[PDB]
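Participant: Pasting a structure below so you can have a look.
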Amino acid sequence: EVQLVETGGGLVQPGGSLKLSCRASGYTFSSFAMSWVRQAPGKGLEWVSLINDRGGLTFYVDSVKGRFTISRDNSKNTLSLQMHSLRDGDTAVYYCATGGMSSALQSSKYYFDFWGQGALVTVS
Amino acid sequence: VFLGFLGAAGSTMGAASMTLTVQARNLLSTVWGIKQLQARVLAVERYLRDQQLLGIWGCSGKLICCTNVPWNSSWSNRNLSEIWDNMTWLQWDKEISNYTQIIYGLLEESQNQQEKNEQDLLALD
Amino acid sequence: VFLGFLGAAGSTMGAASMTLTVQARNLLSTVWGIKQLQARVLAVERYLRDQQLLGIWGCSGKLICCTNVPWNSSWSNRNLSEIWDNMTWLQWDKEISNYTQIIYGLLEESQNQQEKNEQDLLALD
Amino acid sequence: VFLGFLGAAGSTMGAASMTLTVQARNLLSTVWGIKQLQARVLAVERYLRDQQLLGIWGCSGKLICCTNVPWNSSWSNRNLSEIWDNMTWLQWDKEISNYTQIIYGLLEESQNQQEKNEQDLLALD
Amino acid sequence: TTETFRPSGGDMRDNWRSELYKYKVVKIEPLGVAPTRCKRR
Amino acid sequence: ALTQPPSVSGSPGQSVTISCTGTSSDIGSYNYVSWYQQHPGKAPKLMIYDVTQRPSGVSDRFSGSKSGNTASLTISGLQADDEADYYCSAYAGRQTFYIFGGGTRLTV
Ligand SMILES: *[C@@H]1O[C@H](CO)[C@@H](O)[C@H](O)[C@H]1NC(C)=O
Ligand SMILES: *[C@@H]1O[C@H](CO)[C@@H](O)[C@H](O)[C@H]1NC(C)=O
Ligand SMILES: *[C@@H]1O[C@H](CO)[C@@H](O)[C@H](O)[C@H]1NC(C)=O
Ligand SMILES: *[C@@H]1O[C@H](CO)[C@@H](O)[C@H](O)[C@H]1NC(C)=O
Ligand SMILES: *[C@@H]1O[C@H](CO)[C@@H](O)[C@H](O)[C@H]1NC(C)=O
Ligand SMILES: *[C@@H]1O[C@H](CO)[C@@H](O)[C@H](O)[C@H]1NC(C)=O
Ligand SMILES: *[C@@H]1O[C@H](CO)[C@@H](O)[C@H](O)[C@H]1NC(C)=O
Ligand SMILES: *[C@@H]1O[C@H](CO)[C@@H](O)[C@H](O)[C@H]1NC(C)=O
Ligand SMILES: *[C@@H]1O[C@H](CO)[C@@H](O)[C@H](O)[C@H]1NC(C)=O
Ligand SMILES: *[C@@H]1O[C@H](CO)[C@@H](O)[C@H](O)[C@H]1NC(C)=O
Ligand SMILES: *[C@@H]1O[C@H](CO)[C@@H](O)[C@H](O)[C@H]1NC(C)=O
Ligand SMILES: *[C@@H]1O[C@H](CO)[C@@H](O)[C@H](O)[C@H]1NC(C)=O
């Protein structure tokens, strides 16, 4: 019953910006942490970013730490990723996922419980 | 401890921020044996209520404490030279008296509660 | 400050942990002039005794404070969903009332004292 | 809480520094209803005054607290073995009683105030 | 078979008791302990 | 990244093991090693979490394990519908978080 749908993909020139947005339903959005994970066309999965259930704690991989912003709107059940200064190395399918951390009052969730289908980001 | 108490009252806010311990030390200490005892109890209660606030913001044990609450230009628009170099704390308190119950709410009802939950969530990782 | 006081009493422990400042603000303030004065003094003493504990554990100035004392399954075996999502603080307090003098001892008589000596020994290096 | 209270009074300063919570817990709690009430209020005031100092130095919420004030050999010249391993706190208090109003001033009137302004200036960067 | 009731003067802790019957005084216990996954540094 | 061999294959009805090798700071330090099954053209599905746990709806033919710094996925009773790219991931602290291995394309 849980469905995650990414939008906002496309082709951007190097140095440009793109904002991705993941809509979610079938679960309480505010009760789970969300992550972004990317897969280059010829590579495996790479974790990109993690945001907690309240949208106050954000974590990034060093390769994007100063370029990407992860944000949530828990009233709109919307997760978004603002990608600045896009590099050729950032071409990938970007999936949104439910899980990756949890509140200290919740059981551990160091895994990605649900996945969307993925937005394609092309830099060129 | 009544040495220098309120001596900086006519000084600018900057100059008057280096004497905070002088005033802080002067806040805390048969019908005649009751009324004055009530005054002593009242002084203790007033002290603790301010200490209770300072603690509710994460300013416990501090005389100067910084937070993550932005200053709103609707509260005051004066510069930093017009506040700390050309104004006293009495004038500032009169200027800001209409906003102290808003700022305190932001100190308690927005920040610190969020900070404490964020620290609680960073410590589990 | 009697706004929302104990409103979360019937809420789950998780939901009721976001209102700690609401209850915290309501803990601190001729024979008729003595008995009520004694009540005021008693309230102050009770407040300070809890503050004295919070301080003896390194939880001073905090409403939510984490330590290095593991939870013993002999005290409670319930999960984190059965405590923070499906139980209230009144039910928990009744369930854990036989262990509060053990946990507090571990908070005072084991951790913090060790932590303070360890900090004292790390600061000399 | 009258268990072990002052038991370390005849112990060396080192051994007697591991029992600080034992004494700390014993500091805080019709003419007959006034005099004893005054005593209770006095005890509270004395407690808070010591807590007010500990806070004025950045030692709030701590039983053992280190600072940046050097020890002056004019106050005491004894070694660390002659203080913590071969002396009690009563003997030390008698030896250092002429300097406690100097050290406290250095704790309040030199350090901490400088530390708080330095932290205030590091946080703007 | 039958019951007979009579007026009683009671005591004065009956007139006020009929107004205070819905009130209870409790003491607040603000300090609690609970398990979390939060560990001190 | 984690070390995981490519091109592991089995045979219908048999048992195959996919072995993910990490280091002492990640697989060998925390019991949080998840396995994902990604069919080509689709997003990955979670198959295993923690070390030995399965999400509801996942068949009990997928059994996880860990020893030392090496974690593995055992698939017992391979089906035609099990052909997929399998990935391992592990939690590796607070400075970094999830380290993924290379995908193993499992054929049957
Ligand atoms: C009072 O104002 C004068 C300048 O008019 C200033 O030099 C003096 O320091 C002020 N007094 C105090 C106590 O700051
Ligand atoms: C500042 O105060 C005004 C009301 O006077 C309010 O509308 C505005 O949102 C406040 N600023 C911020 C950043 O909240
Ligand atoms: C702030 O600084 C500006 C620039 O010097 C000055 O014109 C102004 O009078 C100062 N105070 C106010 C009223 O903002
Ligand atoms: C504060 O509000 C009152 C009205 O309640 C107003 O008369 C007064 O001028 C205000 N003061 C400031 C400094 O805005
Ligand atoms: C009381 O319980 C209901 C569910 O039965 C819940 O929705 C409601 O929020 C609870 N009340 C409070 C104050 O939490
Ligand atoms: C938990 O409590 C039991 C007594 O009920 C005790 O024997 C056991 O050692 C405790 N656990 C730990 C880790 O100390
Ligand atoms: C804890 O979680 C398990 C797994 O869902 C559940 O069966 C159990 O009822 C919960 N509470 C208890 C009693 O441990
Ligand atoms: C607490 O101990 C008493 C015996 O002193 C026992 O009757 C009661 O059931 C115990 N409560 C719990 C929750 O273990
Ligand atoms: C008293 O002194 C003796 C040595 O003379 C020592 O062994 C003993 O521990 C001391 N008592 C205390 C309470 O430290
Ligand atoms: C130590 O005390 C003496 C006075 O007895 C003083 O002259 C000296 O300067 C002090 N030491 C320091 C480092 O200030
Ligand atoms: C300090 O240590 C020295 C070296 O062992 C010793 O001679 C002296 O008696 C000790 N105490 C004093 C008086 O400094
Ligand atoms: C403290 O000072 C007094 C004089 O005021 C002197 O008699 C006494 O011996 C001094 N004590 C010490 C330990 O220096």
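Residues in the structure tokens are named by chain (A, B, ... in the order shown) and by number from 1 within that chain; ligands are numbered from 1 in the order shown.
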Distance limit 10 Å, atoms considered: only C-alpha atoms. Which chain B residues sit that close to chain E? Return them as an MDAnalysis selection string.
Facilitator: chainID B and resid 119:125
Participant: Could you give me, as CSV, every chain C residue with an atom at most 12 Å from chain B, plus its closest atom pair and distance in Å to one decimal, counting only C-alpha atoms, rows ordered by chain then number?
Facilitator:
```
residue,atom,partner,partner_atom,distance
C:1,CA,B:49,CA,11.9
C:14,CA,B:117,CA,11.3
C:17,CA,B:117,CA,9.6
C:18,CA,B:113,CA,7.5
C:19,CA,B:113,CA,9.1
C:20,CA,B:113,CA,9.0
C:21,CA,B:56,CA,7.0
C:22,CA,B:109,CA,9.8
C:23,CA,B:56,CA,11.6
C:24,CA,B:52,CA,8.5
C:25,CA,B:52,CA,7.7
C:26,CA,B:49,CA,10.5
C:27,CA,B:52,CA,10.1
C:28,CA,B:49,CA,7.0
C:29,CA,B:45,CA,6.7
C:30,CA,B:31,CA,6.9
C:31,CA,B:34,CA,9.7
C:32,CA,B:34,CA,10.5
C:33,CA,B:34,CA,7.0
C:34,CA,B:34,CA,7.1
C:35,CA,B:34,CA,10.8
C:36,CA,B:38,CA,10.0
C:37,CA,B:38,CA,6.8
C:38,CA,B:41,CA,9.7
C:39,CA,B:41,CA,10.8
C:40,CA,B:41,CA,7.6
C:41,CA,B:41,CA,6.9
C:42,CA,B:41,CA,10.6
C:43,CA,B:45,CA,9.7
C:44,CA,B:45,CA,7.3
C:45,CA,B:45,CA,10.7
C:47,CA,B:48,CA,9.4
C:48,CA,B:48,CA,9.2
C:51,CA,B:52,CA,10.2
C:55,CA,B:60,CA,11.4
C:59,CA,B:60,CA,11.0
C:60,CA,B:60,CA,7.9
C:61,CA,B:55,CA,4.9
C:62,CA,B:55,CA,7.0
C:63,CA,B:56,CA,7.8
C:64,CA,B:116,CA,6.7
C:65,CA,B:120,CA,8.0
C:66,CA,B:120,CA,7.5
C:67,CA,B:123,CA,10.1
C:68,CA,B:123,CA,11.1
```
Participant: Once chain B is fitted onto chain C by least squares over all its in-order Cα atoms, send the moved chain as an mmCIF file with C-alpha atoms, in the first residue's frame.
Facilitator:
```cif
data_model
loop_
_atom_site.group_PDB
_atom_site.id
_atom_site.type_symbol
_atom_site.label_atom_id
_atom_site.label_comp_id
_atom_site.auth_asym_id
_atom_site.auth_seq_id
_atom_site.Cartn_x
_atom_site.Cartn_y
_atom_site.Cartn_z
ATOM 1 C CA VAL B 1 1.247 29.264 33.033
ATOM 2 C CA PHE B 2 -1.703 26.884 33.627
ATOM 3 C CA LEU B 3 -2.152 26.256 29.892
ATOM 4 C CA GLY B 4 -1.902 22.657 28.740
ATOM 5 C CA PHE B 5 -0.813 21.509 32.209
ATOM 6 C CA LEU B 6 -1.165 17.716 32.361
ATOM 7 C CA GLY B 7 -3.009 17.816 29.021
ATOM 8 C CA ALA B 8 -0.726 15.032 27.784
ATOM 9 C CA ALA B 9 -1.307 12.904 30.908
ATOM 10 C CA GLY B 10 -3.552 10.598 28.882
ATOM 11 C CA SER B 11 -1.293 10.761 25.812
ATOM 12 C CA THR B 12 1.365 8.227 24.991
ATOM 13 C CA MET B 13 4.840 8.659 26.444
ATOM 14 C CA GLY B 14 6.195 9.799 23.083
ATOM 15 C CA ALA B 15 3.506 12.425 22.513
ATOM 16 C CA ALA B 16 3.739 13.423 26.187
ATOM 17 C CA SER B 17 7.511 14.057 25.973
ATOM 18 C CA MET B 18 7.014 17.200 23.846
ATOM 19 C CA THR B 19 5.139 19.016 26.667
ATOM 20 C CA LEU B 20 7.786 18.759 29.407
ATOM 21 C CA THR B 21 8.082 22.532 29.736
ATOM 22 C CA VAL B 22 4.347 22.833 30.314
ATOM 23 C CA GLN B 23 4.486 20.797 33.510
ATOM 24 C CA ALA B 24 7.941 22.115 34.448
ATOM 25 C CA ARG B 25 6.609 25.691 34.525
ATOM 26 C CA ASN B 26 3.840 24.644 36.967
ATOM 27 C CA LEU B 27 6.127 23.077 39.601
ATOM 28 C CA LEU B 28 7.646 26.319 40.867
ATOM 29 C CA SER B 29 5.313 28.942 42.460
ATOM 30 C CA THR B 30 -1.251 34.911 61.783
ATOM 31 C CA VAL B 31 -1.460 31.147 61.247
ATOM 32 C CA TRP B 32 -2.788 31.695 57.716
ATOM 33 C CA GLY B 33 0.474 33.431 56.876
ATOM 34 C CA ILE B 34 2.528 30.480 58.154
ATOM 35 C CA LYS B 35 0.828 27.381 56.741
ATOM 36 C CA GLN B 36 0.750 28.721 53.213
ATOM 37 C CA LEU B 37 4.281 29.974 53.603
ATOM 38 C CA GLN B 38 5.309 26.485 54.641
ATOM 39 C CA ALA B 39 3.642 25.193 51.495
ATOM 40 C CA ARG B 40 5.624 27.655 49.420
ATOM 41 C CA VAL B 41 8.837 26.627 51.130
ATOM 42 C CA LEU B 42 7.949 22.980 50.646
ATOM 43 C CA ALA B 43 7.350 23.532 46.941
ATOM 44 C CA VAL B 44 10.750 25.168 46.645
ATOM 45 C CA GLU B 45 12.420 22.341 48.510
ATOM 46 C CA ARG B 46 10.749 19.726 46.350
ATOM 47 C CA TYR B 47 11.796 21.552 43.209
ATOM 48 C CA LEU B 48 15.371 21.831 44.359
ATOM 49 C CA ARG B 49 15.573 18.195 45.407
ATOM 50 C CA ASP B 50 14.627 17.117 41.908
ATOM 51 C CA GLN B 51 17.054 19.648 40.516
ATOM 52 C CA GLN B 52 19.686 18.305 42.869
ATOM 53 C CA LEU B 53 19.206 14.822 41.458
ATOM 54 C CA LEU B 54 19.163 15.895 37.803
ATOM 55 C CA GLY B 55 22.521 17.631 38.612
ATOM 56 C CA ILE B 56 24.016 14.576 40.458
ATOM 57 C CA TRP B 57 23.405 12.671 37.148
ATOM 58 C CA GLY B 58 24.907 14.944 34.478
ATOM 59 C CA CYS B 59 21.404 16.081 33.477
ATOM 60 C CA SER B 60 21.566 19.624 34.944
ATOM 61 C CA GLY B 61 19.729 22.246 32.898
ATOM 62 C CA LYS B 62 18.121 19.524 30.769
ATOM 63 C CA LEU B 63 14.585 18.191 30.486
ATOM 64 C CA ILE B 64 15.636 15.218 28.336
ATOM 65 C CA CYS B 65 18.998 13.761 29.331
ATOM 66 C CA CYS B 66 20.752 10.612 28.141
ATOM 67 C CA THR B 67 23.299 8.521 30.068
ATOM 68 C CA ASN B 68 25.582 5.495 29.848
ATOM 69 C CA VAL B 69 23.471 3.301 32.170
ATOM 70 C CA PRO B 70 22.093 0.326 30.176
ATOM 71 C CA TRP B 71 18.453 -0.597 30.533
ATOM 72 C CA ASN B 72 18.020 -3.884 32.394
ATOM 73 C CA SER B 73 15.354 -6.207 31.008
ATOM 74 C CA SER B 74 14.561 -7.208 34.610
ATOM 75 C CA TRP B 75 13.149 -3.704 35.140
ATOM 76 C CA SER B 76 10.967 -3.811 32.028
ATOM 77 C CA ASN B 77 10.960 -6.042 28.935
ATOM 78 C CA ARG B 78 8.419 -4.074 26.828
ATOM 79 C CA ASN B 79 9.567 -2.883 23.396
ATOM 80 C CA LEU B 80 9.987 0.750 22.312
ATOM 81 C CA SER B 81 6.593 0.768 20.563
ATOM 82 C CA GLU B 82 4.889 -0.618 23.692
ATOM 83 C CA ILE B 83 6.379 2.215 25.803
ATOM 84 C CA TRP B 84 6.449 5.331 23.636
ATOM 85 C CA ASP B 85 3.559 4.633 21.239
ATOM 86 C CA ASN B 86 1.095 2.473 23.240
ATOM 87 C CA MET B 87 1.647 3.498 26.891
ATOM 88 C CA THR B 88 1.226 6.621 29.022
ATOM 89 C CA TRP B 89 3.584 7.977 31.658
ATOM 90 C CA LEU B 90 1.142 7.116 34.462
ATOM 91 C CA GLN B 91 1.069 3.468 33.393
ATOM 92 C CA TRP B 92 4.840 3.425 32.996
ATOM 93 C CA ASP B 93 5.368 5.025 36.402
ATOM 94 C CA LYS B 94 3.191 2.341 37.965
ATOM 95 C CA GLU B 95 5.058 -0.403 36.088
ATOM 96 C CA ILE B 96 8.543 0.909 37.012
ATOM 97 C CA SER B 97 7.821 2.158 40.561
ATOM 98 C CA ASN B 98 9.631 -0.815 42.145
ATOM 99 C CA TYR B 99 12.899 0.005 40.318
ATOM 100 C CA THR B 100 13.217 3.792 40.576
ATOM 101 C CA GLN B 101 15.512 3.592 43.606
ATOM 102 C CA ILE B 102 17.812 1.188 41.737
ATOM 103 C CA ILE B 103 18.010 3.156 38.513
ATOM 104 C CA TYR B 104 18.649 6.401 40.374
ATOM 105 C CA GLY B 105 21.468 4.719 42.257
ATOM 106 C CA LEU B 106 23.000 3.611 38.987
ATOM 107 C CA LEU B 107 22.581 7.154 37.709
ATOM 108 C CA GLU B 108 24.350 8.585 40.796
ATOM 109 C CA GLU B 109 26.415 5.771 42.337
ATOM 110 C CA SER B 110 27.907 4.323 39.138
ATOM 111 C CA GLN B 111 27.764 6.694 36.186
ATOM 112 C CA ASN B 112 28.473 10.435 36.433
ATOM 113 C CA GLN B 113 30.871 9.856 39.338
ATOM 114 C CA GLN B 114 32.915 7.728 36.970
ATOM 115 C CA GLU B 115 32.278 10.196 34.157
ATOM 116 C CA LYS B 116 33.431 13.125 36.288
ATOM 117 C CA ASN B 117 36.607 11.329 37.331
ATOM 118 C CA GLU B 118 37.257 10.304 33.723
ATOM 119 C CA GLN B 119 36.809 13.889 32.534
ATOM 120 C CA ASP B 120 39.102 15.022 35.344
ATOM 121 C CA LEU B 121 41.705 12.507 34.105
ATOM 122 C CA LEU B 122 41.308 13.412 30.416
ATOM 123 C CA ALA B 123 41.750 17.120 31.157
ATOM 124 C CA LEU B 124 45.192 16.587 32.753
ATOM 125 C CA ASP B 125 46.553 15.081 29.532
#
```
Participant: Taking only C-alpha atoms into account and nothing else, which residues of chain A lie no more than 8 Å away from chain B? Please answer as number ranges by chain.
Facilitator: A: 56-57, 101-104
Participant: Please dump the current selection as a compact mmCIF listing (two decimals), in the first residue's frame; keep C-alpha atoms.
Facilitator:
```
# COMPACT_ATOMS: atom_id res chain seq x y z
CA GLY A 56 15.67 18.86 11.24
CA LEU A 57 18.72 16.59 10.87
CA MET A 101 17.33 6.14 10.73
CA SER A 102 14.69 6.53 13.40
CA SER A 103 13.92 8.46 16.56
CA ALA A 104 15.54 7.42 19.84
```
Participant: Residues at most 8 Å from residue F:98, counting only C-alpha atoms, excluding those fewer than 4 positions away in the same chain, as a count of residues only?
Facilitator: 5
Participant: Excluding same-chain residues fewer than 2 positions from residue F:15, what lies within 9 Å of it counting only C-alpha atoms, as a tab-separated table (two decimals) with C-alpha atoms, in the first residue's frame?
Facilitator:
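As written to disk, result00.tsv reads:
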```tsv
chain	number	residue	atom	x	y	z
F	10	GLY	CA	23.22	-21.17	-9.29
F	11	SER	CA	20.80	-23.75	-10.70
F	12	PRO	CA	17.02	-24.19	-10.21
F	13	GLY	CA	16.17	-25.78	-6.87
F	17	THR	CA	25.49	-17.76	-1.54
F	74	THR	CA	21.87	-17.53	1.04
F	75	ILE	CA	19.08	-18.22	-1.46
F	76	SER	CA	17.80	-21.79	-1.07
F	77	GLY	CA	15.52	-23.13	-3.79
F	78	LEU	CA	16.29	-20.77	-6.68
```
Participant: For a test of reading the model, state the distance in Å between atom CA of residue F:97 and atom CA of residue A:98, rounded to one decimal.
Facilitator: 15.1 Å
Participant: Can you check which residues of stretch 58-120 of chain A DSSP gives as strand (DSSP E or B) on the backbone and send them as a count of residues only?
Facilitator: 29
